[PDB]
Each structure stands twice: as C-alpha cells, then as structure tokens.
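Shown here: input_26.pdb, PDB, C-alpha atoms and all ligand atoms.
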```pdb
ATOM      1  CA  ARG A   6      -4.442  27.014  21.664
ATOM      2  CA  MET A   7      -4.028  24.162  19.191
ATOM      3  CA  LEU A   8      -1.843  24.865  16.169
ATOM      4  CA  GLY A   9      -4.959  24.480  14.013
ATOM      5  CA  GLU A  10      -6.479  27.622  15.512
ATOM      6  CA  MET A  11      -3.430  29.577  14.362
ATOM      7  CA  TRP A  12      -3.869  28.063  10.895
ATOM      8  CA  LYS A  13      -7.525  29.114  10.680
ATOM      9  CA  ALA A  14      -6.697  32.653  11.812
ATOM     10  CA  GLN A  15      -3.813  32.895   9.347
ATOM     11  CA  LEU A  16      -6.036  31.497   6.571
ATOM     12  CA  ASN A  17      -8.696  34.132   7.180
ATOM     13  CA  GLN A  18      -6.038  36.854   6.935
ATOM     14  CA  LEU A  19      -4.884  35.907   3.422
ATOM     15  CA  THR A  20      -5.877  38.218   0.622
ATOM     16  CA  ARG A  21      -8.373  36.690  -1.777
ATOM     17  CA  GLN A  22      -5.582  36.269  -4.325
ATOM     18  CA  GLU A  23      -3.308  34.541  -1.786
ATOM     19  CA  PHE A  24      -6.193  32.310  -0.664
ATOM     20  CA  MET A  25      -6.932  31.287  -4.268
ATOM     21  CA  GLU A  26      -3.269  30.481  -4.915
ATOM     22  CA  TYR A  27      -2.982  28.564  -1.610
ATOM     23  CA  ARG A  28      -6.173  26.516  -1.468
ATOM     24  CA  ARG A  29      -5.126  23.922  -4.072
ATOM     25  CA  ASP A  30      -1.321  24.222  -3.866
ATOM     26  CA  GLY A  31       0.260  20.765  -3.681
ATOM     27  CA  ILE A  32      -2.978  18.856  -3.029
ATOM     28  CA  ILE A  33      -4.115  15.897  -5.135
ATOM     29  CA  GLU A  34      -7.032  16.792  -7.415
ATOM     30  CA  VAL A  35      -8.875  14.457  -9.750
ATOM     31  CA  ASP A  36      -9.599  15.828 -13.215
ATOM     32  CA  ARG A  37     -13.392  16.222 -13.273
ATOM     33  CA  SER A  38     -13.731  17.814 -16.722
ATOM     34  CA  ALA A  39     -15.215  14.679 -18.293
ATOM     35  CA  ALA A  40     -17.593  14.136 -15.369
ATOM     36  CA  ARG A  41     -18.833  17.736 -15.467
ATOM     37  CA  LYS A  42     -19.563  17.353 -19.176
ATOM     38  CA  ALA A  43     -21.384  14.065 -18.561
ATOM     39  CA  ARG A  44     -23.587  15.761 -15.965
ATOM     40  CA  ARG A  45     -24.562  18.508 -18.414
ATOM     41  CA  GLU A  46     -25.253  15.921 -21.143
ATOM     42  CA  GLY A  47     -27.145  13.587 -18.800
ATOM     43  CA  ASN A  48     -24.726  10.690 -19.337
ATOM     44  CA  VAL A  49     -25.485   8.180 -16.541
ATOM     45  CA  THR A  50     -23.667   5.127 -17.953
ATOM     46  CA  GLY A  51     -20.177   6.503 -18.634
ATOM     47  CA  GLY A  52     -18.912   5.681 -15.138
ATOM     48  CA  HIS A  53     -18.287   9.278 -14.091
ATOM     49  CA  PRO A  54     -18.821   9.912 -10.357
ATOM     50  CA  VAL A  55     -21.527  12.421  -9.471
ATOM     51  CA  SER A  56     -19.182  14.378  -7.201
ATOM     52  CA  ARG A  57     -15.606  14.810  -6.017
ATOM     53  CA  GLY A  58     -16.535  12.795  -2.915
ATOM     54  CA  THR A  59     -16.210   9.433  -4.677
ATOM     55  CA  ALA A  60     -12.461   9.910  -5.134
ATOM     56  CA  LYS A  61     -12.068  10.840  -1.462
ATOM     57  CA  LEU A  62     -13.812   7.711  -0.187
ATOM     58  CA  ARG A  63     -11.981   5.607  -2.781
ATOM     59  CA  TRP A  64      -8.684   6.911  -1.379
ATOM     60  CA  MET A  65      -9.681   5.724   2.100
ATOM     61  CA  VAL A  66     -11.182   2.400   1.020
ATOM     62  CA  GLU A  67      -8.178   1.371  -1.056
ATOM     63  CA  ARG A  68      -5.874   1.870   1.960
ATOM     64  CA  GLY A  69      -8.097  -0.188   4.255
ATOM     65  CA  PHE A  70      -9.188   2.689   6.510
ATOM     66  CA  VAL A  71     -12.836   1.647   6.058
ATOM     67  CA  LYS A  72     -14.247  -1.556   4.551
ATOM     68  CA  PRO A  73     -17.794  -1.006   3.270
ATOM     69  CA  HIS A  74     -19.862  -4.188   3.373
ATOM     70  CA  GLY A  75     -23.391  -5.413   3.998
ATOM     71  CA  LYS A  76     -25.909  -2.645   4.584
ATOM     72  CA  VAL A  77     -24.300   0.779   4.119
ATOM     73  CA  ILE A  78     -25.971   3.931   5.426
ATOM     74  CA  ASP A  79     -24.690   7.227   3.991
ATOM     75  CA  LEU A  80     -25.683  10.212   6.163
ATOM     76  CA  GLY A  81     -25.677  13.468   4.233
ATOM     77  CA  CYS A  82     -25.377  11.723   0.895
ATOM     78  CA  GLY A  83     -25.834  14.847  -1.248
ATOM     79  CA  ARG A  84     -25.629  13.906  -4.925
ATOM     80  CA  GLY A  85     -24.598  10.375  -3.929
ATOM     81  CA  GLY A  86     -20.873  10.042  -4.629
ATOM     82  CA  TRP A  87     -20.130   7.890  -1.590
ATOM     83  CA  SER A  88     -23.276   5.802  -2.014
ATOM     84  CA  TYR A  89     -22.739   4.947  -5.684
ATOM     85  CA  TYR A  90     -19.090   4.133  -4.997
ATOM     86  CA  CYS A  91     -19.981   1.714  -2.196
ATOM     87  CA  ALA A  92     -22.507  -0.076  -4.409
ATOM     88  CA  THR A  93     -19.663  -1.009  -6.778
ATOM     89  CA  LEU A  94     -17.896  -2.916  -3.985
ATOM     90  CA  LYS A  95     -18.179  -6.699  -3.875
ATOM     91  CA  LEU A  96     -18.973  -7.012  -0.169
ATOM     92  CA  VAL A  97     -21.642  -4.295  -0.215
ATOM     93  CA  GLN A  98     -25.245  -5.507  -0.520
ATOM     94  CA  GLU A  99     -27.488  -2.466  -0.030
ATOM     95  CA  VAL A 100     -26.923   1.285   0.210
ATOM     96  CA  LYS A 101     -29.313   3.789   1.791
ATOM     97  CA  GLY A 102     -28.403   7.471   1.527
ATOM     98  CA  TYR A 103     -30.093  10.353   3.342
ATOM     99  CA  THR A 104     -29.676  14.031   2.542
ATOM    100  CA  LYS A 105     -31.457  17.296   3.268
ATOM    101  CA  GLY A 106     -31.809  18.654  -0.261
ATOM    102  CA  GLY A 107     -33.877  21.736  -0.939
ATOM    103  CA  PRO A 108     -32.701  25.308  -1.490
ATOM    104  CA  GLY A 109     -28.921  25.589  -1.444
ATOM    105  CA  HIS A 110     -28.331  21.864  -0.823
ATOM    106  CA  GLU A 111     -27.340  19.111  -3.244
ATOM    107  CA  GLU A 112     -30.079  16.858  -4.494
ATOM    108  CA  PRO A 113     -29.595  13.122  -5.111
ATOM    109  CA  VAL A 114     -28.699  12.294  -8.726
ATOM    110  CA  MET A 115     -29.993   9.122 -10.350
ATOM    111  CA  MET A 116     -27.094   7.212 -11.887
ATOM    112  CA  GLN A 117     -26.453   3.872 -13.559
ATOM    113  CA  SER A 118     -23.006   3.189 -12.222
ATOM    114  CA  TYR A 119     -22.239  -0.453 -11.508
ATOM    115  CA  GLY A 120     -24.551  -1.646  -8.754
ATOM    116  CA  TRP A 121     -26.896   1.348  -9.004
ATOM    117  CA  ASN A 122     -29.933  -0.854  -8.297
ATOM    118  CA  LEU A 123     -28.628  -1.450  -4.728
ATOM    119  CA  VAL A 124     -28.753   2.296  -3.963
ATOM    120  CA  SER A 125     -31.735   4.143  -2.488
ATOM    121  CA  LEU A 126     -31.196   7.882  -1.996
ATOM    122  CA  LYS A 127     -33.836   9.881  -0.103
ATOM    123  CA  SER A 128     -33.921  13.688  -0.164
ATOM    124  CA  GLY A 129     -35.840  15.939   2.227
ATOM    125  CA  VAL A 130     -34.305  14.155   5.249
ATOM    126  CA  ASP A 131     -32.763  16.081   8.155
ATOM    127  CA  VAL A 132     -30.625  13.365   9.722
ATOM    128  CA  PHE A 133     -30.323  15.256  13.015
ATOM    129  CA  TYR A 134     -33.979  14.445  13.739
ATOM    130  CA  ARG A 135     -34.166  11.066  12.009
ATOM    131  CA  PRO A 136     -34.458   7.923  14.162
ATOM    132  CA  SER A 137     -31.447   5.651  13.916
ATOM    133  CA  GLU A 138     -31.417   2.441  11.894
ATOM    134  CA  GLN A 139     -29.292  -0.692  11.851
ATOM    135  CA  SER A 140     -26.325  -0.778   9.496
ATOM    136  CA  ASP A 141     -23.112  -2.692   8.900
ATOM    137  CA  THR A 142     -21.286   0.372   7.516
ATOM    138  CA  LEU A 143     -22.005   3.927   8.655
ATOM    139  CA  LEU A 144     -20.771   6.836   6.547
ATOM    140  CA  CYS A 145     -21.263  10.513   7.313
ATOM    141  CA  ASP A 146     -19.891  13.399   5.214
ATOM    142  CA  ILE A 147     -21.649  16.341   6.921
ATOM    143  CA  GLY A 148     -19.992  19.573   7.992
ATOM    144  CA  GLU A 149     -20.572  23.017   6.504
ATOM    145  CA  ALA A 150     -17.585  25.365   6.558
ATOM    146  CA  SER A 151     -17.621  28.718   8.340
ATOM    147  CA  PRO A 152     -14.870  31.329   8.795
ATOM    148  CA  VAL A 153     -15.720  31.342  12.519
ATOM    149  CA  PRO A 154     -13.984  28.296  14.102
ATOM    150  CA  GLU A 155     -16.457  28.179  17.010
ATOM    151  CA  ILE A 156     -19.265  27.771  14.465
ATOM    152  CA  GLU A 157     -17.405  24.906  12.784
ATOM    153  CA  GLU A 158     -16.716  23.487  16.251
ATOM    154  CA  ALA A 159     -20.416  23.474  17.184
ATOM    155  CA  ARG A 160     -21.392  21.947  13.822
ATOM    156  CA  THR A 161     -18.820  19.157  14.195
ATOM    157  CA  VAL A 162     -19.967  18.357  17.748
ATOM    158  CA  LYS A 163     -23.560  18.002  16.512
ATOM    159  CA  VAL A 164     -22.461  15.478  13.892
ATOM    160  CA  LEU A 165     -20.583  13.514  16.556
ATOM    161  CA  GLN A 166     -23.595  13.479  18.880
ATOM    162  CA  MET A 167     -25.756  12.293  15.994
ATOM    163  CA  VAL A 168     -23.357   9.531  14.933
ATOM    164  CA  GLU A 169     -23.158   8.290  18.539
ATOM    165  CA  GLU A 170     -26.811   7.211  18.219
ATOM    166  CA  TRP A 171     -26.228   5.428  14.906
ATOM    167  CA  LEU A 172     -23.017   3.649  15.941
ATOM    168  CA  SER A 173     -24.848   1.748  18.698
ATOM    169  CA  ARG A 174     -27.069   0.030  16.064
ATOM    170  CA  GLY A 175     -24.715  -2.798  15.062
ATOM    171  CA  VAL A 176     -22.065  -0.887  13.106
ATOM    172  CA  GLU A 177     -18.901  -2.757  12.105
ATOM    173  CA  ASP A 178     -17.216  -0.154   9.827
ATOM    174  CA  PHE A 179     -17.454   3.633   9.797
ATOM    175  CA  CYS A 180     -16.108   6.785   8.154
ATOM    176  CA  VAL A 181     -17.220  10.137   9.553
ATOM    177  CA  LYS A 182     -16.119  13.566   8.389
ATOM    178  CA  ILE A 183     -14.677  15.711  11.203
ATOM    179  CA  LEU A 184     -15.044  19.243   9.799
ATOM    180  CA  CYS A 185     -13.097  21.077  12.513
ATOM    181  CA  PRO A 186     -10.874  18.634  14.408
ATOM    182  CA  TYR A 187      -8.642  21.206  16.168
ATOM    183  CA  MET A 188     -11.167  22.942  18.452
ATOM    184  CA  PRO A 189     -11.534  22.017  22.143
ATOM    185  CA  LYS A 190     -15.119  20.732  22.115
ATOM    186  CA  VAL A 191     -14.422  18.471  19.127
ATOM    187  CA  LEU A 192     -11.207  17.070  20.598
ATOM    188  CA  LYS A 193     -12.956  16.340  23.917
ATOM    189  CA  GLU A 194     -15.833  14.547  22.203
ATOM    190  CA  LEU A 195     -13.644  12.652  19.709
ATOM    191  CA  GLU A 196     -11.406  11.326  22.481
ATOM    192  CA  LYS A 197     -14.421   9.902  24.317
ATOM    193  CA  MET A 198     -15.810   8.397  21.108
ATOM    194  CA  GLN A 199     -12.426   6.873  20.225
ATOM    195  CA  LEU A 200     -12.317   5.311  23.703
ATOM    196  CA  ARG A 201     -15.752   3.763  23.129
ATOM    197  CA  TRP A 202     -15.666   2.950  19.396
ATOM    198  CA  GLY A 203     -11.983   2.919  18.472
ATOM    199  CA  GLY A 204     -10.649   4.107  15.156
ATOM    200  CA  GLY A 205      -8.459   7.071  14.330
ATOM    201  CA  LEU A 206      -8.331  10.318  12.382
ATOM    202  CA  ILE A 207      -6.841  10.559   8.892
ATOM    203  CA  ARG A 208      -6.252  13.363   6.399
ATOM    204  CA  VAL A 209      -7.168  12.646   2.781
ATOM    205  CA  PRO A 210      -4.709  14.482   0.477
ATOM    206  CA  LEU A 211      -7.562  15.373  -1.918
ATOM    207  CA  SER A 212      -8.797  17.730   0.784
ATOM    208  CA  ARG A 213      -8.053  21.344  -0.121
ATOM    209  CA  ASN A 214      -5.637  23.462   1.914
ATOM    210  CA  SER A 215      -8.561  25.810   2.643
ATOM    211  CA  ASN A 216      -9.979  23.273   5.124
ATOM    212  CA  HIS A 217      -8.731  21.155   8.035
ATOM    213  CA  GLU A 218     -11.261  18.336   7.573
ATOM    214  CA  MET A 219     -10.220  14.884   8.749
ATOM    215  CA  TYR A 220     -12.049  11.559   8.720
ATOM    216  CA  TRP A 221     -12.677   9.440  11.809
ATOM    217  CA  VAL A 222     -12.445   5.934  10.335
ATOM    218  CA  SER A 223     -12.776   2.520  11.957
ATOM    219  CA  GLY A 224      -9.620   1.117  10.344
ATOM    220  CA  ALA A 225      -7.167   3.735  11.629
ATOM    221  CA  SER A 226      -5.632   4.286  15.054
ATOM    222  CA  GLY A 227      -3.292   6.652  16.822
ATOM    223  CA  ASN A 228      -3.310   9.609  19.171
ATOM    224  CA  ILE A 229      -5.922  12.138  18.063
ATOM    225  CA  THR A 230      -4.070  15.254  19.247
ATOM    226  CA  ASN A 231      -0.919  14.137  17.426
ATOM    227  CA  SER A 232      -2.836  13.417  14.201
ATOM    228  CA  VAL A 233      -4.486  16.856  14.236
ATOM    229  CA  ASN A 234      -1.270  18.772  14.963
ATOM    230  CA  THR A 235       0.500  16.930  12.129
ATOM    231  CA  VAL A 236      -2.119  18.205   9.681
ATOM    232  CA  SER A 237      -2.002  21.719  11.148
ATOM    233  CA  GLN A 238       1.776  21.918  10.769
ATOM    234  CA  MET A 239       1.597  20.684   7.167
ATOM    235  CA  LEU A 240      -1.117  23.226   6.269
ATOM    236  CA  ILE A 241       0.809  26.102   7.865
ATOM    237  CA  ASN A 242       4.038  25.035   6.157
ATOM    238  CA  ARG A 243       2.191  25.099   2.817
ATOM    239  CA  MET A 244       0.755  28.527   3.608
ATOM    240  CA  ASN A 245       4.223  29.953   4.313
ATOM    241  CA  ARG A 246       5.621  29.050   0.873
ATOM    242  CA  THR A 247       5.505  31.613  -1.922
ATOM    243  CA  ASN A 248       6.369  29.350  -4.880
ATOM    244  CA  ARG A 249       3.016  27.844  -5.845
ATOM    245  CA  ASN A 250       2.440  24.988  -8.293
ATOM    246  CA  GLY A 251      -1.274  24.231  -7.981
ATOM    247  CA  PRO A 252      -2.597  20.709  -7.559
ATOM    248  CA  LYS A 253      -1.154  17.367  -8.550
ATOM    249  CA  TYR A 254      -3.680  15.971 -10.989
ATOM    250  CA  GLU A 255      -4.878  12.379 -10.916
ATOM    251  CA  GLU A 256      -7.533  10.366 -12.696
ATOM    252  CA  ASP A 257     -11.058  10.201 -11.333
ATOM    253  CA  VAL A 258     -12.667   6.915 -10.253
ATOM    254  CA  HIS A 259     -14.392   4.882 -12.963
ATOM    255  CA  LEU A 260     -17.676   3.422 -11.689
ATOM    256  CA  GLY A 261     -18.742   1.437 -14.759
ATOM    257  CA  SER A 262     -22.387   0.585 -15.374
ATOM    258  CA  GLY A 263     -24.935  -2.188 -15.041
ATOM    259  CA  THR A 264     -26.962  -3.850 -12.297
ATOM    260  CA  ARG A 265     -25.737  -6.263  -9.637
TER     261      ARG A 265
HETATM  262  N1  LIG A 301      -8.528  34.769   3.336
HETATM  263  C1  LIG A 301      -9.608  34.208   2.797
HETATM  264  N2  LIG A 301     -10.160  33.086   3.376
HETATM  265  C2  LIG A 301     -11.257  32.526   2.824
HETATM  266  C3  LIG A 301     -11.840  33.051   1.667
HETATM  267  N3  LIG A 301     -12.904  32.287   1.351
HETATM  268  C4  LIG A 301     -12.992  31.296   2.266
HETATM  269  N4  LIG A 301     -11.990  31.437   3.194
HETATM  270  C5  LIG A 301     -11.692  30.553   4.351
HETATM  271  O1  LIG A 301     -11.645  29.207   3.885
HETATM  272  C6  LIG A 301     -12.632  28.418   4.520
HETATM  273  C7  LIG A 301     -13.187  27.500   3.446
HETATM  274  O2  LIG A 301     -13.862  28.277   2.479
HETATM  275  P1  LIG A 301     -14.477  27.580   1.159
HETATM  276  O3  LIG A 301     -15.123  28.613   0.250
HETATM  277  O4  LIG A 301     -15.386  26.468   1.631
HETATM  278  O5  LIG A 301     -13.189  26.906   0.483
HETATM  279  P2  LIG A 301     -12.883  26.821  -1.102
HETATM  280  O6  LIG A 301     -11.504  26.238  -1.272
HETATM  281  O7  LIG A 301     -12.923  28.203  -1.696
HETATM  282  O8  LIG A 301     -13.932  25.767  -1.743
HETATM  283  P3  LIG A 301     -15.136  26.124  -2.769
HETATM  284  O9  LIG A 301     -15.657  27.514  -2.494
HETATM  285  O10 LIG A 301     -16.228  25.106  -2.543
HETATM  286  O11 LIG A 301     -14.612  26.044  -4.198
HETATM  287  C8  LIG A 301     -13.650  29.419   5.043
HETATM  288  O12 LIG A 301     -14.378  28.934   6.145
HETATM  289  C9  LIG A 301     -12.779  30.602   5.403
HETATM  290  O13 LIG A 301     -12.181  30.356   6.652
HETATM  291  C10 LIG A 301     -11.297  34.183   1.078
HETATM  292  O14 LIG A 301     -11.800  34.670   0.059
HETATM  293  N5  LIG A 301     -10.178  34.751   1.657
HETATM  294  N1  LIG A 302     -28.995  18.165   8.602
HETATM  295  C1  LIG A 302     -28.721  17.502   7.484
HETATM  296  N2  LIG A 302     -29.404  16.344   7.183
HETATM  297  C2  LIG A 302     -29.134  15.644   6.023
HETATM  298  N3  LIG A 302     -28.175  16.106   5.157
HETATM  299  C3  LIG A 302     -27.497  17.236   5.450
HETATM  300  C4  LIG A 302     -27.750  17.956   6.611
HETATM  301  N4  LIG A 302     -26.932  19.026   6.625
HETATM  302  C5  LIG A 302     -26.167  19.002   5.509
HETATM  303  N5  LIG A 302     -26.509  17.893   4.782
HETATM  304  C6  LIG A 302     -25.975  17.462   3.491
HETATM  305  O1  LIG A 302     -24.778  16.737   3.599
HETATM  306  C7  LIG A 302     -24.141  16.798   2.336
HETATM  307  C8  LIG A 302     -22.639  16.715   2.550
HETATM  308  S1  LIG A 302     -21.746  16.789   0.984
HETATM  309  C9  LIG A 302     -21.595  14.998   0.874
HETATM  310  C10 LIG A 302     -20.892  14.609  -0.420
HETATM  311  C11 LIG A 302     -21.040  13.112  -0.660
HETATM  312  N6  LIG A 302     -20.198  12.369   0.264
HETATM  313  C12 LIG A 302     -20.710  12.778  -2.103
HETATM  314  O2  LIG A 302     -19.749  12.053  -2.325
HETATM  315  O3  LIG A 302     -21.379  13.223  -3.053
HETATM  316  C13 LIG A 302     -24.596  18.108   1.679
HETATM  317  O4  LIG A 302     -25.189  17.834   0.432
HETATM  318  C14 LIG A 302     -25.639  18.668   2.630
HETATM  319  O5  LIG A 302     -26.796  19.121   1.976
HETATM  320 MG    MG A 303     -14.846  29.184  -1.729
END
```
Would you give me this structure, written as structure tokens?
Ligand SMILES: Nc1nc2c(ncn2[C@@H]2O[C@H](COP(=O)(O)OP(=O)(O)OP(=O)(O)O)[C@@H](O)[C@H]2O)c(=O)[nH]1
Ligand SMILES: Nc1ncnc2c1ncn2[C@@H]1O[C@H](CSCC[C@H](N)C(=O)O)[C@@H](O)[C@H]1O
Ligand SMILES: [Mg+2]
Amino acid sequence: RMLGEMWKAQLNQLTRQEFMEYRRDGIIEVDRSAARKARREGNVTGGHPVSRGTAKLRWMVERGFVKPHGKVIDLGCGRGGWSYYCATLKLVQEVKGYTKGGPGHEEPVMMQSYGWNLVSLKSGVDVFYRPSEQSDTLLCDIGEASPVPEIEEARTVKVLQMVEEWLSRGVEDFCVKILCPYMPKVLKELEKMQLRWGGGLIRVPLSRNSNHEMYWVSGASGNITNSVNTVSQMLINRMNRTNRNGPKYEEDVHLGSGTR
C-alpha cells in the first residue's frame, strides 16, 4: 500500500472537529473576502478572480511549470478562474473553456478581467463525450472528491483517459489535475502517460490538507512514485501535530480589466 492510502484512511477517521482544524493548517490561502463581496455586488471590473483556482494556476505559471500560450483549452472550466487568468498572459491568444454546469455544478461567470474578450466559456458540455480539438495549451481541473479512495481512483483514471485524446492534438503545454495520485490504477496510467508525454507531478501549497491532489504539468519532471510519497509524508506529518495555526494568508491575484 502506498503511504497515501494510509493518509486517506487516517483522514477519514478524524473527528469532524479534528478534520476542520487540520484541513487548512499550515497551507497557503489567499484572502478572498474582497472577491466574495465583488461577486455579490456584481463587480466585474475590479480584478477579483471568480474562484480560488486562479491563484493555484498562477502559482504554477509563475514557477514555469506550465507556460500558457496560443490557443488554450480549459477542460472543466467551472466559473472560469483558470481561463480568465490565462487570457491576461501576453503569449495567450484565445481561451476556450468547457464545463458541465447544471444542478450542483459551477456555471461560467462573465467577467471583464484583462483580456476577457479572448475567453469563450461554454456550459452544458460533458467533456468525457466531447470530440477533441486542437490546442497549444491544454488545462484540465476535473476531479470530484469522495471518501472512498477507489472512487477517486476511478474518477482520476477517466480524466487521464480523456486527456490522452486531447494531448495528441498538437499540445505543447499542459496542466492536469490528478485528484487521487496515490492509488494503483492512477500510478500505472500516469507512468505510461509520463513516458509518452513527459512532465511531472507537483503539489501546489494552496491545496488543502484534506486532499492529496497533484498537478501533472509539462514543465516538471521527476519520479512519480517519489513525488507522491513526498506529499503523503508531509500530509501525515501535518495530521500528527496537535498545535494548529490555520493557514498562511497571502494576497489574491489581481486580474485588472479591459480588452486585449
Ligand atoms: N474525518 C473527516 N473527513 C472528512 C470530513 N469531510 C470530508 N472528509 C474527507 O476529506 C475529503 C475531502 O472533503 P471535502 O469536503 O472536499 O474537503 P474540505 O476541506 O472540507 O473542502 P470544502 O468542503 O469544499 O470546503 C473527503 O473525500 C473525505 O475523505 C469530515 O467531516 N470528517
Ligand atoms: N464531465 C464533466 N464535463 C465538464 N465539466 C465537468 C465534468 N465533471 C466535472 N466538471 C466540472 O469541472 C469543474 C472543476 S472546478 C474547476 C475550477 C477552475 N479551474 C477555476 O479556476 O475556476 C467543476 O465546475 C465541475 O462542474
Ligand atoms: Mg467539506
């Protein structure tokens, strides 16, 4: 058994009060109070990201793990945090985002962040049955949590099988959420996809301790098993501390306004 399986089992055994004290202990968290207000007041020009996802992709882009450029396709775009962020980037020319929407799913939000006119978000799209398209940059942020690791395993494998089809359509840069990177079917599939397409797995420190999500990104490298175990050991070490401090707060991304 991978160390991550022990982590998931230990996580599920926490009391609710332990879980709540653990999930954000020592992580980085952007202050979203101003953005949440702007969403309630319909402020689309203040530069506030539509979701917490913008800060996560910004973290990866600023360290060179992915380099959005040209035509960007954003699979599972939700409200559009990754898509609007990419449209602010100089090398990016066009952004197409697809998301399922509907009951219990996030709907695309229309924003006027810098470059908004380059962004087309389409709701009502199940990407698992959508024909693939050409892109220069492929992003995918799909993976619904479950307390059952085999369910997270199956969901992650489906994303990987879907992104295999899209990666063969001319993709130069990519960033794909790996919801459950420690289970055997995911590790087997990731290793084959790393052999074919390269890249490596990274942990964004804005990810909460209540998940083991990692990102398979074209600008990273390194042994996948080692990368996963490193995360698992860090998450277990955090779980086994009693003196909790909550998150380290940082400033959210500013996306500006105006057309490009
Ligand atoms: N012990 C314990 N584990 C939980 C609890 N809620 C969720 N989990 C575990 O944590 C995983 C992530 O749950 P989430 O609800 O997505 O995590 P979260 O940090 O609470 O994030 P948000 O609910 O979106 O604010 C689940 O798949 C479970 O394995 C809980 O109340 N107690
Ligand atoms: N089968 C499917 N087809 C298209 N979108 C899906 C999907 N299953 C889940 N999703 C969507 O994928 C999204 C992942 S959340 C993505 C957050 C985004 N990166 C941001 O920054 O705002 C969810 O909104 C979910 O509704
Ligand atoms: Mg929760």
| note | Students should find that atom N1 of ligand LIG 302 (chain A) and CA of residue 167 (chain A) are spaced 10.0 Å
Ligand LIG 302 (chain A): which residues are within 9 Å, counting only C-alpha atoms and all ligand atoms? Reply as a short mmCIF file (atom, residue, chain, number, x, y, z; two decimals) with C-alpha atoms, in the frame of the given file.
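Okay, selection-v3.cif is ready:
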```cif
data_model
loop_
_atom_site.label_atom_id
_atom_site.label_comp_id
_atom_site.auth_asym_id
_atom_site.auth_seq_id
_atom_site.Cartn_x
_atom_site.Cartn_y
_atom_site.Cartn_z
CA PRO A 54 -18.82 9.91 -10.36
CA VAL A 55 -21.53 12.42 -9.47
CA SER A 56 -19.18 14.38 -7.20
CA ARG A 57 -15.61 14.81 -6.02
CA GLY A 58 -16.54 12.80 -2.92
CA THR A 59 -16.21 9.43 -4.68
CA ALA A 60 -12.46 9.91 -5.13
CA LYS A 61 -12.07 10.84 -1.46
CA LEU A 62 -13.81 7.71 -0.19
CA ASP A 79 -24.69 7.23 3.99
CA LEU A 80 -25.68 10.21 6.16
CA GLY A 81 -25.68 13.47 4.23
CA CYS A 82 -25.38 11.72 0.90
CA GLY A 83 -25.83 14.85 -1.25
CA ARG A 84 -25.63 13.91 -4.92
CA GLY A 85 -24.60 10.38 -3.93
CA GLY A 86 -20.87 10.04 -4.63
CA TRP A 87 -20.13 7.89 -1.59
CA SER A 88 -23.28 5.80 -2.01
CA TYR A 89 -22.74 4.95 -5.68
CA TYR A 90 -19.09 4.13 -5.00
CA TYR A 103 -30.09 10.35 3.34
CA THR A 104 -29.68 14.03 2.54
CA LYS A 105 -31.46 17.30 3.27
CA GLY A 106 -31.81 18.65 -0.26
CA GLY A 107 -33.88 21.74 -0.94
CA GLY A 109 -28.92 25.59 -1.44
CA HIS A 110 -28.33 21.86 -0.82
CA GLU A 111 -27.34 19.11 -3.24
CA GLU A 112 -30.08 16.86 -4.49
CA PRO A 113 -29.60 13.12 -5.11
CA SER A 128 -33.92 13.69 -0.16
CA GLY A 129 -35.84 15.94 2.23
CA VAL A 130 -34.30 14.16 5.25
CA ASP A 131 -32.76 16.08 8.15
CA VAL A 132 -30.62 13.36 9.72
CA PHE A 133 -30.32 15.26 13.02
CA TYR A 134 -33.98 14.44 13.74
CA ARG A 135 -34.17 11.07 12.01
CA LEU A 144 -20.77 6.84 6.55
CA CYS A 145 -21.26 10.51 7.31
CA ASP A 146 -19.89 13.40 5.21
CA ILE A 147 -21.65 16.34 6.92
CA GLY A 148 -19.99 19.57 7.99
CA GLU A 149 -20.57 23.02 6.50
CA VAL A 164 -22.46 15.48 13.89
#
```
| For atom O1 of ligand LIG 301 (chain A) and CA of residue 29 (chain A), the interatomic separation in Å (one decimal) | 11.6 Å
| task | Tell me which of A:250, A:216, A:137, A:228 sits closest to residue 9 (chain A), counting all atoms listed in the file. | result |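 Ranking A:250, A:216, A:137, A:228 by distance to residue 9 (chain A), first place goes to A:216.
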| said: At a cut-off of 12 Å around ligand LIG 301 (chain A), and using only C-alpha atoms and all ligand atoms, what residues come up? Please write them as a VMD selection string. | reply: chain A and resid 9 to 30 32 57 148 to 158 184 to 185 211 to 218 244
| field | Selection near residue 190 (chain A), 8 Å with all atoms listed in the file, sequence-local residues under 3 positions removed, as a list in words | value | residues 158, 159, 162, 193 and 194 of chain A
| request: Can you turn the PyMOL selection byres (((chain A and resi 199) around 10) and not hetatm) into a concrete residue list for this file, as an MDAnalysis selection string? | output: chainID A and resid 194:198 200:206 221:223 226:229
| Exactly which residues make up the result of the PyMOL selection byres (((chain A and resi 125) around 8) and not hetatm) on this file, given as number ranges by chain? | A: 100-102, 122-124, 126-127
| task | Quick one: pull the distance between CA of residue 242 (chain A) and CA of residue 66 (chain A), Å, one decimal. | result |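 It comes out at 27.8 Å.
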